[PDB]
Amino acid sequence: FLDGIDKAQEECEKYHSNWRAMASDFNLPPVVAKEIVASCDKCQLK
Ligand SMILES: [Cd+2]
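Numbered per the authors' numbering, the sequence shown spans residues 1 to 46.
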């Protein structure tokens, strides 16, 4: 659980649905990357 996670939400649009690339940039396990998508309202619903 890194604060930089808040920063990832801002660029969530930049990574789009590719949470794997974001996880690689912040080096976080799928749990946090998926959680960030789960918070974004656009990447949540199709
Ligand atoms: Cd998003």
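Every residue, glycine too, gets a C-beta built ideally from N, C-alpha and C.
*Which two residues bound the contiguous alpha helix (DSSP H) that contains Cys12?*
Locating residue 12 in the sequence shown gives position 12, where the first residue counts as 1. Element bounds for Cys12: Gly4 to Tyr15.
*Own chain residues within Cβ distance below 6 angstroms of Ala33, not counting five before or after*: Residue 33 sits at position 33 when you count from the first residue of the sequence shown. Excluding sequence neighbours, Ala33 sits near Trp19, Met22 and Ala23.
*Within 10 angstroms of its Cβ, does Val37 collect 16 or more other Cβ (buried), or is it exposed?*
In the sequence shown, counting from the first residue as 1, residue 37 sits at position 37. When all chains shown are included, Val37 counts as buried.
*Can you give me the Cβ contacts of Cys43 inside the same chain, cut-off strictly under 7 angstroms, excluding the 5 residues immediately before and after it?*
Sequence index remark: in the sequence shown, residue 43 carries index 43 (1-based). Cβ within range, chain order: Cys12, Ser17 and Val37.
*Determine the contact status of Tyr15 and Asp25, defining contact as a CB-CB distance below 9 angstroms.*
Translated into the one-based positions of the sequence shown, residue 15 becomes position 15. Translated into the one-based positions of the sequence shown, residue 25 becomes position 25. In contact: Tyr15 and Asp25 (Cβ atoms closer than 9 angstroms).
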